[PDB]
Structure formats: C-alpha cells, structure tokens
Amino acid sequence: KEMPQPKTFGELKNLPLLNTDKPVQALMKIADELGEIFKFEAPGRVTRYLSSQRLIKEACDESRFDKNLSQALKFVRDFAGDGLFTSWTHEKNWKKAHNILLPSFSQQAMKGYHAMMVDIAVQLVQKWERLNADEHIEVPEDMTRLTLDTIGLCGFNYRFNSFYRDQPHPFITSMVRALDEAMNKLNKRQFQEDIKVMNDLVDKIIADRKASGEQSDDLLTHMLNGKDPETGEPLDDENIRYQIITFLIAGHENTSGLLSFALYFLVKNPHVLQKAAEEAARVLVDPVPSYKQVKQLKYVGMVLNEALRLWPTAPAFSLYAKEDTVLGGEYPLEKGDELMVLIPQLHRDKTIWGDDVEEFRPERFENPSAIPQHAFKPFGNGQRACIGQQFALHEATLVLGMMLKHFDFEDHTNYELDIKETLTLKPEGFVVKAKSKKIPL
Ligand code: HEM
C-alpha cells in the first residue's frame, strides 16, 4: 500500500543515486532490494519504477496509460522533432506517420528490404573473411557499422560506406555527437552545428529524390508516395526528414547491441552456439541467403529473443496515467502520474520465467504461446511499440545466421561483460577471433 523509495539526499531527492555511468544497472539493484515498485524523485519530478509482470500488465493497458515523453525523449526531440519516437500519441503527426508507415514495416515488407540488408551483411562477412591470422574483431563497433549502413540504405538509399572508413561519414559523427550531447544533458554551439549537418544531408537527399522522381525499395519512396487514409494528407518534407533521422537514432544502436549481446552469449555457451551453427549450416544452403531462408532460422530467432530477455537494449520506457486509477489494487495514481517500465527486471520475474532467470536458455522461446501477455516486452507496448521490430529481427537473424554459417568463434580474451549505457546498452570492449569455414559467400 505504501511505496518503497531508495535513499534521498535532501533537496536533491533521489537524483544522486543516478549520478553514475550505469544508471539502469543501479536501478536494477534498487529493484532487487525494494521489489516490484518504487518511487523515484528528482527536483522537478516523480516517477515510479515497475519490475513485476503483475503490475506491468496493468501499465500496458492502453485505456489506462499512454506513452510519456521522458526527459531523454524531450532532449532527443531537438533533432528528432515530431518523428514517431518523440511525439505524443495525440499529436496529429504521430497518427498520420504511424498510419502511413505501419504497412511499410510489416513482416511482408521485409521481403522488399531483404536485398539491401543482404548487400550490407555480405560486406560484414567479407570484412571478417579478409582478416589475417593475427587479427581480432571489435564486435559492437562492427555491428554498428552494419546497422547504420543498413538503415541508411533501406531508409533512404544512401551509402555511409562505414566498412570503407576508420573515421565515420560526417553525418554519423554528427549524429553520434548529437545523441551523446542529449544523453549527457540528463557544446551548445556544436549541438547546433551537428543538427545542421543532419538536416542538410537528409533535406538534400529528400530534395534530390523529389527532383529525379526515381522509385526505389526504400522508406523514403514509401513516404513520398504515402497518404494518410484518415486525413488523406501526405507527410510534409520536414516530417519526412525527422522520420529518417528517427529511424537512424531509434534503430541503429539497439539493433547493434542485440547482435553484440547475442554473439556474447553464444561464445559463453558453446553448446548453444553449436545448435545455432548447425541450424545455420542446414538452412542457409546458398551463397546469398534468401528471405525465405531467414524465416527458417527458428533457433537463431530464439537466441535473439533470449539475448533481448537478459539485456533488452532499450531498457526502459515511460508511461503516464490517462485518468486517476489504482495500480494492482494497492497504489493510487493521479491523472498524469508517470510510471517507468524497467524491462531487464521484468524479464527476471521469477514467477514467470522460473528460478533460473540469469541462465541463457533460448529454448525458453520454443513455444512463443507459453509466454504470458506482457511478460516479454523488449519492443515496448501497444500502438507505441517499436515500429522497427520486424526490421530489427530480420536484420539480426540474417546477419547472425550468416556469421554462424561462415565462421567458428573464439572468446580469446575470456571477455568480462561490461555494459556501457547511453540511450542504449552495449557490451563495451567485446572482442573475438573468427576462423573462416571457407564456405562460398
Ligand atoms: C533490437 C532492436 C530494437 C529495439 C530493442 C527497439 C526498442 C524500442 C522500444 C522499447 C520502443 C518504445 C519506446 C517508448 O515506449 O518510449 C521503440 C520505439 C520505436 N522504434 Fe525501436 N527498437 C529496435 C530497433 C528499431 C529499428 C531497427 C527501427 C527503425 C528501422 C526502430 C524504430 C522505432 C520507432 C520509429 C519507434 C517509435 C514508434 C512509435 O511510437 O510510433 N527501432 N523501439
């Protein structure tokens, strides 16, 4: 009935508790200690962190709670604007973009993006094939090159050519610096210059495409051709720009983290790596994988879900109460009160998953129906769930499948997991050696 709360520091309230490089990891320890719900205050502000499936299922009731723009999302809005990720649900442009873009992100739509995903995946595998004996792989670094380039190509048919560079394309450098700055705020001159570098490139590409009239298999074509069924209006060019920025911003780091954490768990669990590699070998019988083959990589799909269980790479989302309501028969909330869903803790709820929650066991997902509703939420909730979910999973399944077909892997440093936190999670300094199986690529 009365809510637990961690240590306060006078007027600073709980804020100093998050004065750390790893705040989600600190929050998980507070959840370990305090249980399924705790109050957390800062000077301007109050939230409640939820960790149990029992309470989070109620928080996922869209008649009662809607997505909140957290402080992080308000800072990111300085360059992401009213794109899908940083808009309120009742903003006109949220509904308009959601209606136009939804079918373009369906599983069916992945058939159209597949060729460009494969173009970048082959670049990754060729890079590793071309390493000499004395060399290792920087895993998150290379996964980030891959996901950035894939979203650039599928998003607006632009090649960042990350596998041709030590220093990223200047748009990437500006984007990464811009995110870092907004996360650090939780400079001003540089922030503005980086916003400008981002808008100018994206605005140019939109302008070039409208001029040529070329039709391609990318999201920019769908957005130029789209009309909202409700209002009948297309997106304007400004909003199209914010969406392109958002796909890069919302998508690249989470998908790179997922691939990195999956490879981490596979090298730490060689029996699981072997079962996954055996599937990859049986299924991916052609030098270039087909869309239908990726669909047949069931166990690789399970590996990815179990990596998302333990370390969901967008680990928290924020909600507000639409009206006064009582949570779990115990905790009265007022209209506008905010809740945070602490996804890594939810995914450790022993009442759902059994006592072995820290173990990496992809077989938990053998029968996707046996997972209770709202027990597994790495892509958020309801109409404000990740629009990129099918894209992320097709990309990750394709690339992991190819990695497992083409190489044997060695954890040559006996790497110790260190999770770096920004807007996303990543296994910092994770490195491996890959020995080629010398299979036609
Ligand atoms: C494993 C990779 C990914 C994870 C774990 C992930 C996670 C999430 C989560 C938890 C949300 C909800 C945020 C909130 O409630 O505040 C979200 C929203 C969103 N994501 Fe993803 N994401 C991933 C990949 C992608 C990719 C590849 C794209 C684009 C190509 C993308 C685009 C978006 C967009 C536009 C939204 C906002 C949707 C809306 O509210 O209409 N994400 N993501």
# chains A, B, ... in the order shown; residues from 1 in each chain; ligands from 1
$ closest_atom_pairs --of "segment 265-341 of chain A" --to "segment 426-440 of chain A" --cutoff "12 Å" --atoms "only C-alpha atoms" --output "tab-separated table"
residue	atom	partner	partner_atom	distance
A:265	CA	A:427	CA	10.7
A:266	CA	A:432	CA	11.5
A:267	CA	A:432	CA	8.7
A:268	CA	A:432	CA	11.4
A:277	CA	A:437	CA	11.4
A:281	CA	A:439	CA	10.1
A:284	CA	A:439	CA	11.0
A:285	CA	A:440	CA	10.0
A:286	CA	A:440	CA	8.4
A:287	CA	A:440	CA	5.6
A:288	CA	A:440	CA	9.0
A:289	CA	A:440	CA	11.6
A:307	CA	A:426	CA	11.7
A:308	CA	A:426	CA	11.8
A:311	CA	A:426	CA	8.8
A:312	CA	A:426	CA	9.9
A:313	CA	A:426	CA	7.3
A:314	CA	A:426	CA	10.2
A:315	CA	A:426	CA	11.1
$ closest_atom_pairs --of "chain A" --to "ligand 1" --cutoff "7 Å" --atoms "only C-alpha atoms and all ligand atoms" --output "JSON lines"
{"residue": "A:67", "atom": "CA", "partner": "ligand 1", "partner_atom_place_in_ligand_line": "15 (O)", "distance": 6.0}
{"residue": "A:84", "atom": "CA", "partner": "ligand 1", "partner_atom_place_in_ligand_line": "41 (O)", "distance": 4.4}
{"residue": "A:85", "atom": "CA", "partner": "ligand 1", "partner_atom_place_in_ligand_line": "37 (C)", "distance": 3.6}
{"residue": "A:94", "atom": "CA", "partner": "ligand 1", "partner_atom_place_in_ligand_line": "41 (O)", "distance": 6.7}
{"residue": "A:98", "atom": "CA", "partner": "ligand 1", "partner_atom_place_in_ligand_line": "41 (O)", "distance": 5.7}
{"residue": "A:151", "atom": "CA", "partner": "ligand 1", "partner_atom_place_in_ligand_line": "30 (C)", "distance": 6.2}
{"residue": "A:246", "atom": "CA", "partner": "ligand 1", "partner_atom_place_in_ligand_line": "35 (C)", "distance": 6.0}
{"residue": "A:247", "atom": "CA", "partner": "ligand 1", "partner_atom_place_in_ligand_line": "29 (C)", "distance": 4.2}
{"residue": "A:248", "atom": "CA", "partner": "ligand 1", "partner_atom_place_in_ligand_line": "29 (C)", "distance": 6.7}
{"residue": "A:250", "atom": "CA", "partner": "ligand 1", "partner_atom_place_in_ligand_line": "32 (C)", "distance": 4.8}
{"residue": "A:251", "atom": "CA", "partner": "ligand 1", "partner_atom_place_in_ligand_line": "26 (C)", "distance": 3.3}
{"residue": "A:252", "atom": "CA", "partner": "ligand 1", "partner_atom_place_in_ligand_line": "27 (C)", "distance": 6.1}
{"residue": "A:254", "atom": "CA", "partner": "ligand 1", "partner_atom_place_in_ligand_line": "2 (C)", "distance": 4.3}
{"residue": "A:255", "atom": "CA", "partner": "ligand 1", "partner_atom_place_in_ligand_line": "2 (C)", "distance": 3.8}
{"residue": "A:258", "atom": "CA", "partner": "ligand 1", "partner_atom_place_in_ligand_line": "1 (C)", "distance": 5.4}
{"residue": "A:312", "atom": "CA", "partner": "ligand 1", "partner_atom_place_in_ligand_line": "5 (C)", "distance": 5.7}
{"residue": "A:313", "atom": "CA", "partner": "ligand 1", "partner_atom_place_in_ligand_line": "5 (C)", "distance": 5.0}
{"residue": "A:314", "atom": "CA", "partner": "ligand 1", "partner_atom_place_in_ligand_line": "5 (C)", "distance": 5.1}
{"residue": "A:315", "atom": "CA", "partner": "ligand 1", "partner_atom_place_in_ligand_line": "10 (C)", "distance": 6.9}
{"residue": "A:316", "atom": "CA", "partner": "ligand 1", "partner_atom_place_in_ligand_line": "10 (C)", "distance": 6.9}
{"residue": "A:317", "atom": "CA", "partner": "ligand 1", "partner_atom_place_in_ligand_line": "15 (O)", "distance": 4.7}
{"residue": "A:318", "atom": "CA", "partner": "ligand 1", "partner_atom_place_in_ligand_line": "16 (O)", "distance": 6.0}
{"residue": "A:378", "atom": "CA", "partner": "ligand 1", "partner_atom_place_in_ligand_line": "5 (C)", "distance": 5.2}
{"residue": "A:379", "atom": "CA", "partner": "ligand 1", "partner_atom_place_in_ligand_line": "10 (C)", "distance": 4.0}
{"residue": "A:380", "atom": "CA", "partner": "ligand 1", "partner_atom_place_in_ligand_line": "10 (C)", "distance": 3.9}
{"residue": "A:381", "atom": "CA", "partner": "ligand 1", "partner_atom_place_in_ligand_line": "15 (O)", "distance": 6.6}
{"residue": "A:383", "atom": "CA", "partner": "ligand 1", "partner_atom_place_in_ligand_line": "41 (O)", "distance": 6.8}
{"residue": "A:384", "atom": "CA", "partner": "ligand 1", "partner_atom_place_in_ligand_line": "40 (O)", "distance": 3.9}
{"residue": "A:385", "atom": "CA", "partner": "ligand 1", "partner_atom_place_in_ligand_line": "12 (C)", "distance": 4.9}
{"residue": "A:386", "atom": "CA", "partner": "ligand 1", "partner_atom_place_in_ligand_line": "18 (C)", "distance": 3.5}
{"residue": "A:387", "atom": "CA", "partner": "ligand 1", "partner_atom_place_in_ligand_line": "38 (C)", "distance": 4.8}
{"residue": "A:388", "atom": "CA", "partner": "ligand 1", "partner_atom_place_in_ligand_line": "28 (C)", "distance": 3.6}
{"residue": "A:389", "atom": "CA", "partner": "ligand 1", "partner_atom_place_in_ligand_line": "24 (C)", "distance": 5.7}
{"residue": "A:391", "atom": "CA", "partner": "ligand 1", "partner_atom_place_in_ligand_line": "27 (C)", "distance": 5.5}
{"residue": "A:392", "atom": "CA", "partner": "ligand 1", "partner_atom_place_in_ligand_line": "27 (C)", "distance": 4.3}
{"residue": "A:393", "atom": "CA", "partner": "ligand 1", "partner_atom_place_in_ligand_line": "1 (C)", "distance": 6.7}
$ write_last_selection --atoms "C-alpha atoms" --output "compact mmCIF listing (two decimals), in the first residue's frame"
# COMPACT_ATOMS: atom_id res chain seq x y z
CA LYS A 67 3.32 6.71 -23.68
CA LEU A 84 7.33 8.74 -34.49
CA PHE A 85 9.59 8.10 -31.50
CA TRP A 94 2.09 10.82 -34.77
CA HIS A 98 2.01 5.80 -37.96
CA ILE A 151 19.21 1.69 -42.14
CA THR A 246 14.47 8.89 -36.13
CA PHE A 247 14.97 5.54 -37.90
CA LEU A 248 18.74 6.07 -37.61
CA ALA A 250 15.95 4.79 -32.68
CA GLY A 251 17.19 1.83 -34.60
CA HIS A 252 20.93 1.62 -35.16
CA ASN A 254 19.58 -1.10 -30.25
CA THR A 255 19.97 -3.50 -33.21
CA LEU A 258 21.26 -7.01 -29.80
CA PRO A 312 16.89 -5.58 -23.79
CA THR A 313 18.87 -2.85 -25.46
CA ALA A 314 16.28 -0.09 -24.97
CA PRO A 315 15.84 -1.00 -21.35
CA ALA A 316 13.19 1.42 -20.03
CA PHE A 317 10.07 3.17 -21.26
CA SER A 318 7.84 5.75 -19.69
CA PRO A 378 11.89 -5.62 -25.42
CA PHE A 379 9.98 -3.66 -28.12
CA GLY A 380 7.67 -1.71 -25.82
CA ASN A 381 3.87 -1.77 -25.78
CA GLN A 383 0.38 1.21 -30.57
CA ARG A 384 3.57 2.88 -29.28
CA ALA A 385 5.61 -0.33 -29.60
CA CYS A 386 8.70 -0.37 -31.80
CA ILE A 387 7.61 0.12 -35.42
CA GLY A 388 11.06 -1.31 -36.43
CA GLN A 389 10.62 -4.68 -34.65
CA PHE A 391 13.12 -4.90 -39.50
CA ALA A 392 15.44 -5.33 -36.45
CA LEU A 393 14.72 -9.04 -36.10
$ closest_residue --among "A:101, A:139, A:336, A:330" --to "residue 220 of chain A" --atoms "only C-alpha atoms"
A:101
$ residues_around --residues "segment 357-365 of chain A" --least-positions-apart "4" --cutoff "12 Å" --atoms "only C-alpha atoms" --output "ChimeraX atom specification"
/A:261-273,275-276,298-311,344-353,369-372,376
$ residues_around --residues "residue 87 of chain A" --least-positions-apart "4" --cutoff "10 Å" --atoms "only C-alpha atoms" --output "PyMOL selection string"
chain A and resi 67-69+73-74+77+80-83+91-95+384
$ closest_residue --among "A:208, A:181, A:2, A:230" --to "residue 99 of chain A" --atoms "only C-alpha atoms"
A:230
$ closest_atom_pairs --of "segment 381-407 of chain A" --to "segment 112-121 of chain A" --cutoff "9 Å" --atoms "only C-alpha atoms" --output "tab-separated table"
residue	atom	partner	partner_atom	distance
A:391	CA	A:113	CA	8.5
A:394	CA	A:114	CA	8.3
A:395	CA	A:117	CA	6.5
A:398	CA	A:118	CA	7.7
A:399	CA	A:121	CA	5.8
A:402	CA	A:121	CA	7.9
$ write_last_selection --atoms "C-alpha atoms" --output "mmCIF file, in the first residue's frame"
data_model
loop_
_atom_site.group_PDB
_atom_site.id
_atom_site.type_symbol
_atom_site.label_atom_id
_atom_site.label_comp_id
_atom_site.auth_asym_id
_atom_site.auth_seq_id
_atom_site.Cartn_x
_atom_site.Cartn_y
_atom_site.Cartn_z
ATOM 1 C CA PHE A 391 13.125 -4.903 -39.496
ATOM 2 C CA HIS A 394 15.023 -9.771 -39.861
ATOM 3 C CA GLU A 395 18.330 -7.882 -39.950
ATOM 4 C CA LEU A 398 20.056 -12.723 -41.328
ATOM 5 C CA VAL A 399 23.426 -11.455 -40.005
ATOM 6 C CA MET A 402 25.496 -15.755 -41.854
#
$ closest_residue --among "A:243, A:397, A:106, A:89" --to "residue 290 of chain A" --atoms "only C-alpha atoms"
A:397
$ select_by_dssp --residues "segment 103-252 of chain A" --states "alpha helix (DSSP H)" --output "count of residues only"
105
$ closest_residue --among "A:205, A:235, A:131, A:186" --to "residue 96 of chain A" --atoms "only C-alpha atoms"
A:235
$ atom_distance --atom1 "atom CA of residue 390 of chain A" --atom2 "atom CA of residue 107 of chain A"
5.6 Å
$ closest_residue --among "A:100, A:259, A:31, A:375" --to "residue 147 of chain A" --atoms "only C-alpha atoms"
A:259
$ select_by_dssp --residues "segment 307-420 of chain A" --states "strand (DSSP E or B)" --output "count of residues only"
23
$ closest_residue --among "A:406, A:64, A:1, A:377" --to "residue 37 of chain A" --atoms "only C-alpha atoms"
A:1
